[PDB]
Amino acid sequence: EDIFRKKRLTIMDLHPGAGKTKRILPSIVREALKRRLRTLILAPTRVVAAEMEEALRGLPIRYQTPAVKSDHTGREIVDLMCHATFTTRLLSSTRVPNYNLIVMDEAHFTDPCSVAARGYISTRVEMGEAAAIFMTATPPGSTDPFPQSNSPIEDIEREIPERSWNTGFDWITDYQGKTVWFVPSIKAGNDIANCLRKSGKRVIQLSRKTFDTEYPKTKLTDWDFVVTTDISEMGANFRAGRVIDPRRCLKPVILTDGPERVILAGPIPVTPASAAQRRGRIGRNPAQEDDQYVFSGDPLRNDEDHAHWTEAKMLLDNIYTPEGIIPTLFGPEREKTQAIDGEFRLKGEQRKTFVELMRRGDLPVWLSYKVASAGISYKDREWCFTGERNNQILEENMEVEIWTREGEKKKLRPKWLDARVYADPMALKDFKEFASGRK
């Protein structure tokens, strides 16, 4: 009603399962179409976008790939894209439309590109150019781990194995229904999934990189356990009876004591918002009344040292605005770290390189910023090899060595050390491909 008025930013914070995605958003879109508004819908991931455009099956929805920088048809159409696609387009295009209504679904997503998107959108709204709707059961500052739900949930607090077990946890395997198990890391998930698989359990693993291909498999009944990272907090719909949640995550932190680096701290306790979102995967079905949330430990609200707050600013400082509008993070997320105006603004080829390192090289934001602001070209991989001794990367205790594009053998020893590029087997493989200049 007033939600369509420019300069309004609405936080739709109805409880998990309430129907924000599948009933309320469709209504908003049908009404936006009636008012002839230029509408953008943002989904956390590709497969969720795919689920969104079936809830909107009657309507003129156009999914937008990030392989395309802009797509203007000149017709009445509603654009649908991932959070990251939007921020990627803002970094590389000028022809980003003046959407006057922007809905972010699952607006609790704390991935840097999502935080950056919210910052951008809030500013567009404040300019009087747009109205905006952020949809999430857990907006910034959320502290209630046990929000209301469609059907009753049994909250069971008990010990949960961190790794492979052999005895003392019969309740895990004797349970008769389907379970979603949130683990802090891919390695932790690998361990757990293999322990369950030896007992004859069918397991699907989910992480950020495999979500788009693995998540669809969970839509079948041909499984017993899902073992997932925090990616499933973003609007993932499961038909399950139980969540297991030791409430642990890894958190990237930029250390500034001496040589600046990114570590993965933890496992540490999750935020209340994360715990609520994990719990909120169950109790979704009014017909199904004895869902369980099995958990361990209390949340920790203070995530102020999380790298993602800085990284969002790095992105935002490089998305262009009129003069003199200053880029800024949205709402209370603005208060996570100290803002410094223009701190991360890059110019010329340094900026182009920054974007390319993230897009083409699939490098973390901080790492890309570090390389780009040193005046290093995208294709110049020498920095992968010229780090200090403590930056030597190890795989199975042994020193990782790389055959380079030019037919040279070099020890993998990056000048800037970001723990995320070797945090797991797939991450390390990718970084090895990058260091060898095969992308």
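Note that residue numbering begins at 1 and tracks the sequence as displayed.
*Tell me which of 319 to 327 and 262 to 270 has the higher mean C-alpha B-factor in the deposited entry.*
Looking at the recorded C-alpha B-factors, 319 to 327 comes out higher on average.
*Taking the recorded C-alpha temperature factors, which stretch has the higher mean, 210 to 218 or 115 to 123?*
Mean B over CA atoms: larger for 210 to 218.
*Identify, among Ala312, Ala84, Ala276, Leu196, the residue whose C-alpha carries the highest B-factor in the deposited PDB entry.*
In this record, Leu196 carries the highest C-alpha B-factor of the candidates.
*Top Cα B factor in the deposited entry, candidates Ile282, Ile186, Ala107, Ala131*: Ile186 has the highest C-alpha B-factor of those listed.
*What third of the chain, by the recorded C-alpha B-factor, contains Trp165?*
It belongs to the highest third of the chain when residues are ordered by C-alpha B-factor.
*asked:* By the recorded C-alpha temperature factor, relative to the other modelled residues in its chain, which third is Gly387 in?
replied: Middle third by C-alpha B-factor.
*Hey, what third does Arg381 fall into on Cα B-factor, ranked over its chain?*
As the PDB entry reports it, the C-alpha B-factor of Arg381 lands in the lowest third of its chain.
*asked:* Please say which third, lowest, middle or highest, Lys34 falls into when its CA temperature factor is compared across its chain.
replied: CA B-factor rank for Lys34: middle third.
_Taking only the Cα B-factors deposited for this chain, tell me whether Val96 sits in the lowest, middle or highest third._
Its C-alpha B-factor belongs to the highest third of this chain's values.
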